[PDB]
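Asker: There's a structure below that I have some questions on.
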Amino acid sequence: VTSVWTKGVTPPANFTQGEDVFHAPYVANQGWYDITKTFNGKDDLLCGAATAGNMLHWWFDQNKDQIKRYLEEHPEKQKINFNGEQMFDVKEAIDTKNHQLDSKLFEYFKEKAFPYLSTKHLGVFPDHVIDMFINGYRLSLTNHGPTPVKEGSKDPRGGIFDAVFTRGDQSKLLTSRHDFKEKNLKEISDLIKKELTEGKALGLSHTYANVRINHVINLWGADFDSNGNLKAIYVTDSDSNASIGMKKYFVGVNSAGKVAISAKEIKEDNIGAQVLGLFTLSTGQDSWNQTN
């Protein structure tokens, strides 16, 4: 079963069959991240921002040098203040990126950016958060589609790298979104293998047992069978106990004809959770030069 991993990520080698799932406990600097929720009332339903946070940690690694030279050029983009008080320091985020429970980035998302979302039982999408953070695109909670590549004022909460990744320059948009709205195993399998192959960071949405019935997780690697169809995916989930880490999910067509994922084999007794869509993040490594 050929497999494909995210650019710059080392496949874990400490997988173990657990009580309920086959997993690999988190290990820092391995290339992947597992921002874990503390369900402190502010992040309870922010799996979106957590996935977005994990994609950004990977992004930090991939652009370590460029980001340094960037903060050298534009010192004021390093910190974000709100009428006298500091709301975020991107350098703190970078120093703590490896932390599952108290990274500075997720703390920023749950405490200052999207606080009142988890006490209101509706959340945020991965690509919207990243587009805001990097480019500065204003994030609307009433917008239910792709980020409009239009020009405009920067979101006070982000646009840290908007000197380079501007708003309106479509070639400076690093994210994407894809709906699995009734497509098949093959179509979904090809799209995932593709984005991985093109060197992007991936996020995956699926049905839950909650109100919305929607959840978001990071997809780090995939195993395909002889016909190119997906067999499994390795993921991190911010809902998972911090001791779990990287999980292995089974991928198959359920009894209702839905492509679904589950910690256990997909059978009649196990229909799993249907997958809904996909979000991507590209490094944007060839868009840093401003003298172009």
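By order in the structure tokens, chains are A, B, ...; within a chain, residues start at 1; ligands start at 1, following the order shown.
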Using DSSP on the backbone coordinates, identify the residues of stretch 23-258 of chain A assigned to helix (DSSP H, G or I); present them as JSON, numbers by chain.
Answerer: {"A": [47, 48, 49, 50, 51, 52, 53, 54, 55, 56, 57, 58, 59, 60, 61, 62, 64, 65, 66, 67, 68, 69, 70, 71, 72, 73, 75, 76, 77, 90, 91, 92, 93, 94, 95, 104, 105, 106, 107, 108, 109, 110, 111, 112, 113, 115, 116, 117, 126, 127, 128, 129, 130, 131, 132, 133, 134, 135, 170, 171, 172, 185, 186, 187, 188, 189, 190, 191, 192, 193, 194, 195, 196, 197]}
Asker: Could you list, as number ranges by chain, every residue within 7 Å of residue A:251, counting only C-alpha atoms and ignoring same-chain residues fewer than 2 positions away?
Answerer: A: 230-232, 249, 260-262, 266
Asker: DSSP on the backbone: what in stretch 125-265 of chain A comes out strand (DSSP E or B), as a ChimeraX atom specification?
Answerer: /A:175-179,201-206,215-224,230-236,246-253,259-262
Asker: Point out the residue among A:177, A:234, A:144, A:157 with the least atom-to-atom distance to residue A:81, counting only C-alpha atoms.
Answerer: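 Result for the nearest residue to residue A:81: A:157.
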Asker: Compile the contact shell of residue A:245 as a PyMOL selection string: residues with an atom at most 7 Å away, counting only C-alpha atoms, same-chain residues fewer than 5 positions apart removed.
Answerer: chain A and resi 23-26+34+236
Asker: Would you kindly return, as a PyMOL selection string, each protein, DNA or RNA residue with an atom no farther than 9 Å from any atom of stretch 275-287 of chain A, considering only C-alpha atoms and excluding same-chain residues fewer than 4 positions away?
Answerer: chain A and resi 55-56+58-60+62-63+66+125-127+130+164-165+171-182+192+195+198-207+214+258-261+292
Asker: Emit the selected residues as a CSV table (one decimal), in the first residue's frame, including N, CA and C atoms.
Answerer:
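The new file out.csv reads:
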```
chain,number,residue,atom,x,y,z
A,55,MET,N,-1.7,23.7,11.1
A,55,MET,CA,-1.2,23.9,9.7
A,55,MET,C,-0.2,25.1,9.7
A,56,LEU,N,-0.4,26.1,10.6
A,56,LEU,CA,0.5,27.2,10.7
A,56,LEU,C,1.8,26.8,11.4
A,58,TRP,N,3.4,24.0,11.0
A,58,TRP,CA,4.1,23.3,9.9
A,58,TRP,C,4.7,24.4,9.0
A,59,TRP,N,3.9,25.4,8.8
A,59,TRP,CA,4.2,26.6,7.9
A,59,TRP,C,5.4,27.3,8.5
A,60,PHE,N,5.5,27.4,9.8
A,60,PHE,CA,6.6,28.1,10.5
A,60,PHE,C,7.9,27.4,10.1
A,62,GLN,N,8.6,25.4,7.5
A,62,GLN,CA,8.8,25.5,6.1
A,62,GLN,C,9.3,26.9,5.7
A,63,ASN,N,9.1,27.9,6.5
A,63,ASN,CA,9.5,29.3,6.2
A,63,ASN,C,10.4,29.9,7.2
A,66,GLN,N,12.7,32.7,6.0
A,66,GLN,CA,12.0,33.8,5.4
A,66,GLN,C,11.3,34.6,6.4
A,125,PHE,N,-13.7,28.2,10.2
A,125,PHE,CA,-13.1,27.3,9.3
A,125,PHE,C,-11.6,27.5,9.1
A,126,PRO,N,-10.8,26.5,8.9
A,126,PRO,CA,-9.4,26.5,8.8
A,126,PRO,C,-8.8,27.5,7.8
A,127,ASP,N,-9.3,27.4,6.6
A,127,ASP,CA,-8.8,28.4,5.6
A,127,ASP,C,-9.1,29.8,5.9
A,130,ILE,N,-6.4,31.0,8.6
A,130,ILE,CA,-5.1,31.2,8.0
A,130,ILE,C,-5.0,32.4,7.1
A,164,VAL,N,3.8,41.1,2.3
A,164,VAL,CA,4.2,40.2,1.2
A,164,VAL,C,2.9,39.4,0.7
A,165,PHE,N,2.2,38.9,1.6
A,165,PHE,CA,1.0,38.2,1.2
A,165,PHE,C,-0.2,39.1,1.3
A,171,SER,N,-2.5,35.4,-6.6
A,171,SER,CA,-1.3,34.5,-6.5
A,171,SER,C,-0.7,34.5,-5.1
A,172,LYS,N,-1.2,35.3,-4.2
A,172,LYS,CA,-0.7,35.4,-2.9
A,172,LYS,C,-1.6,34.7,-1.9
A,173,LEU,N,-2.6,34.0,-2.4
A,173,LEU,CA,-3.5,33.2,-1.6
A,173,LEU,C,-2.9,31.9,-1.4
A,174,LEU,N,-2.6,31.4,-0.2
A,174,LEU,CA,-2.0,30.2,0.1
A,174,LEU,C,-2.9,29.0,0.5
A,175,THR,N,-4.2,29.3,0.6
A,175,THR,CA,-5.1,28.3,1.1
A,175,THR,C,-6.1,27.9,0.0
A,176,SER,N,-6.8,26.8,0.2
A,176,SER,CA,-7.8,26.3,-0.7
A,176,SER,C,-8.8,25.5,0.1
A,177,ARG,N,-9.9,25.2,-0.6
A,177,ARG,CA,-11.0,24.5,0.1
A,177,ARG,C,-11.7,23.6,-1.0
A,178,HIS,N,-12.1,22.4,-0.6
A,178,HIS,CA,-12.7,21.5,-1.5
A,178,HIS,C,-13.8,20.7,-0.9
A,179,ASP,N,-15.0,20.7,-1.5
A,179,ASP,CA,-16.2,20.0,-1.0
A,179,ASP,C,-16.2,18.6,-1.5
A,180,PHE,N,-16.4,17.6,-0.6
A,180,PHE,CA,-16.5,16.2,-1.0
A,180,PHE,C,-18.0,15.9,-1.3
A,181,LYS,N,-18.8,17.0,-1.4
A,181,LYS,CA,-20.2,16.9,-1.6
A,181,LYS,C,-20.4,15.8,-2.7
A,182,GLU,N,-20.9,14.7,-2.2
A,182,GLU,CA,-21.2,13.5,-3.0
A,182,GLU,C,-20.3,13.3,-4.3
A,192,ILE,N,-6.7,14.0,-2.4
A,192,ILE,CA,-5.9,14.0,-1.2
A,192,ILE,C,-4.4,13.7,-1.6
A,195,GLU,N,-2.8,16.9,-3.4
A,195,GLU,CA,-2.4,18.0,-2.5
A,195,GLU,C,-1.2,17.6,-1.6
A,198,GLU,N,1.7,17.7,-4.0
A,198,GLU,CA,2.1,19.1,-4.4
A,198,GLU,C,2.7,19.9,-3.2
A,199,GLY,N,3.0,19.2,-2.1
A,199,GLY,CA,3.6,19.8,-0.9
A,199,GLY,C,2.8,20.8,0.0
A,200,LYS,N,1.5,20.5,0.1
A,200,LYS,CA,0.6,21.3,1.0
A,200,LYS,C,0.3,20.6,2.3
A,201,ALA,N,-0.2,21.4,3.3
A,201,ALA,CA,-0.6,20.9,4.6
A,201,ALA,C,-2.1,20.7,4.4
A,202,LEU,N,-2.6,19.6,5.0
A,202,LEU,CA,-4.1,19.3,4.8
A,202,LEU,C,-4.9,19.3,6.1
A,203,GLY,N,-6.2,19.7,5.9
A,203,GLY,CA,-7.1,19.7,7.0
A,203,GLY,C,-8.4,19.0,6.5
A,204,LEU,N,-9.0,18.2,7.3
A,204,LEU,CA,-10.2,17.4,6.9
A,204,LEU,C,-11.4,17.6,7.8
A,205,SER,N,-12.6,17.8,7.2
A,205,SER,CA,-13.8,18.0,7.9
A,205,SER,C,-14.7,16.7,7.8
A,206,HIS,N,-15.4,16.4,8.9
A,206,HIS,CA,-16.3,15.2,8.8
A,206,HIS,C,-17.4,15.4,9.8
A,207,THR,N,-18.4,14.5,9.7
A,207,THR,CA,-19.6,14.5,10.6
A,207,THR,C,-19.2,14.0,12.0
A,214,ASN,N,-20.5,18.5,12.6
A,214,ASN,CA,-19.2,18.8,11.9
A,214,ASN,C,-18.0,19.0,12.8
A,258,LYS,N,-21.4,6.2,1.7
A,258,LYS,CA,-20.6,7.3,2.1
A,258,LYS,C,-19.1,7.0,2.3
A,259,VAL,N,-18.2,7.8,1.8
A,259,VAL,CA,-16.8,7.6,2.1
A,259,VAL,C,-16.7,8.0,3.6
A,260,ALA,N,-16.2,7.1,4.4
A,260,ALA,CA,-16.1,7.4,5.9
A,260,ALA,C,-14.8,7.0,6.5
A,261,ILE,N,-14.5,7.6,7.6
A,261,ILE,CA,-13.3,7.3,8.4
A,261,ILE,C,-13.7,6.8,9.8
A,292,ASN,N,11.1,41.4,-6.6
A,292,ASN,CA,10.7,40.7,-7.8
A,292,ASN,C,10.6,41.5,-9.1
```
Asker: If you measure from atom CA of residue A:78 to atom CA of residue A:132, what distance in Å do you get, rounded to one decimal?
Answerer: 15.2 Å
Asker: Residues at most 6 Å from stretch 93-110 of chain A, counting only C-alpha atoms, excluding those fewer than 5 positions away in the same chain, as a PDB file with N, CA and C atoms, in the first residue's frame?
Answerer:
```pdb
ATOM      1  N   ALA A  28       7.929  15.924  19.618  1.00  0.00           N
ATOM      2  CA  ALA A  28       8.249  17.219  19.040  1.00  0.00           C
ATOM      3  C   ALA A  28       9.329  17.202  17.962  1.00  0.00           C
ATOM      4  N   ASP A  34       0.096  18.681  17.195  1.00  0.00           N
ATOM      5  CA  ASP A  34      -1.152  18.227  17.792  1.00  0.00           C
ATOM      6  C   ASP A  34      -1.696  19.177  18.863  1.00  0.00           C
ATOM      7  N   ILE A  35      -2.106  20.372  18.442  1.00  0.00           N
ATOM      8  CA  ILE A  35      -2.678  21.340  19.367  1.00  0.00           C
ATOM      9  C   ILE A  35      -3.884  20.633  19.992  1.00  0.00           C
ATOM     10  N   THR A  36      -3.877  20.528  21.317  1.00  0.00           N
ATOM     11  CA  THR A  36      -4.933  19.865  22.066  1.00  0.00           C
ATOM     12  C   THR A  36      -5.786  20.866  22.846  1.00  0.00           C
ATOM     13  N   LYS A  42     -13.700  28.368  26.110  1.00  0.00           N
ATOM     14  CA  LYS A  42     -13.429  29.250  24.979  1.00  0.00           C
ATOM     15  C   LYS A  42     -12.993  28.507  23.721  1.00  0.00           C
ATOM     16  N   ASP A  43     -12.426  27.313  23.892  1.00  0.00           N
ATOM     17  CA  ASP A  43     -11.932  26.506  22.770  1.00  0.00           C
ATOM     18  C   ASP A  43     -12.709  25.212  22.527  1.00  0.00           C
ATOM     19  N   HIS A  57       1.824  25.854  12.275  1.00  0.00           N
ATOM     20  CA  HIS A  57       3.062  25.453  12.934  1.00  0.00           C
ATOM     21  C   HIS A  57       3.988  24.819  11.889  1.00  0.00           C
ATOM     22  N   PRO A 115     -12.742  34.167  20.904  1.00  0.00           N
ATOM     23  CA  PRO A 115     -13.158  33.765  22.250  1.00  0.00           C
ATOM     24  C   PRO A 115     -14.587  33.261  22.362  1.00  0.00           C
TER      25      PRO A 115
END
```
Asker: Would you list the contacts of stretch 6-16 of chain A as JSON, numbers by chain, taking every protein, DNA or RNA residue within 6 Å and counting only C-alpha atoms, but skipping same-chain residues closer than 6 positions in sequence?
Answerer: {"A": [22, 23, 24, 30, 31, 32, 196, 199, 220, 221]}
Asker: Mind dumping the selected residues with C-alpha atoms as a PDB file, in the first residue's frame?
Answerer:
```pdb
ATOM      1  CA  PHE A  22      -3.896   2.561  16.752  1.00  0.00           C
ATOM      2  CA  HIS A  23      -1.756   5.620  17.559  1.00  0.00           C
ATOM      3  CA  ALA A  24       1.681   7.176  17.897  1.00  0.00           C
ATOM      4  CA  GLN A  30       9.113  15.460  13.993  1.00  0.00           C
ATOM      5  CA  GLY A  31       7.408  17.867  11.593  1.00  0.00           C
ATOM      6  CA  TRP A  32       3.829  17.405  12.762  1.00  0.00           C
ATOM      7  CA  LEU A 196      -0.029  15.940  -0.354  1.00  0.00           C
ATOM      8  CA  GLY A 199       3.622  19.817  -0.921  1.00  0.00           C
ATOM      9  CA  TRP A 220      -0.688  14.223   7.789  1.00  0.00           C
ATOM     10  CA  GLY A 221      -0.255  11.121   5.633  1.00  0.00           C
TER      11      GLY A 221
END
```
Asker: Taking 2 positions as the minimum chain separation for residues in the same chain, which residues sit within 10 Å of residue A:237 when counting only C-alpha atoms? Answer as a compact mmCIF listing (two decimals) with C-alpha atoms, in the first residue's frame.
Answerer:
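Result file follows (result09.txt):
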```txt
# COMPACT_ATOMS: atom_id res chain seq x y z
CA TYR A 33 1.70 19.09 15.41
CA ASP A 34 -1.15 18.23 17.79
CA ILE A 35 -2.68 21.34 19.37
CA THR A 36 -4.93 19.86 22.07
CA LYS A 37 -8.05 21.54 23.52
CA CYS A 47 -11.36 22.49 16.32
CA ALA A 50 -6.84 24.31 16.21
CA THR A 51 -6.42 22.60 12.82
CA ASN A 54 -1.42 23.06 13.43
CA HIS A 215 -15.62 18.33 13.04
CA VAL A 216 -12.18 19.35 11.70
CA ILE A 217 -8.83 17.48 11.99
CA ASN A 218 -5.32 17.49 10.47
CA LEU A 219 -4.44 14.83 7.85
CA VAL A 235 -4.31 12.36 11.64
CA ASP A 239 -10.32 16.68 20.77
CA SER A 240 -8.07 13.70 21.47
CA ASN A 241 -6.47 13.36 24.88
CA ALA A 242 -2.96 14.89 24.55
CA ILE A 244 -2.89 9.96 22.07
CA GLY A 245 -1.14 11.96 19.36
CA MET A 246 -1.12 10.73 15.76
CA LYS A 247 -4.07 8.47 14.94
```
Asker: Go ahead and compute the interatomic distance for atom CA of residue A:290 and atom CA of residue A:131, in Å to one decimal.
Answerer: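 Separating atom CA of residue A:290 from atom CA of residue A:131 is a distance of 19.3 Å.
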Asker: Rank nothing, just name the residue among A:150, A:77, A:112, A:121 nearest to residue A:210, using only C-alpha atoms.
Answerer: A:121
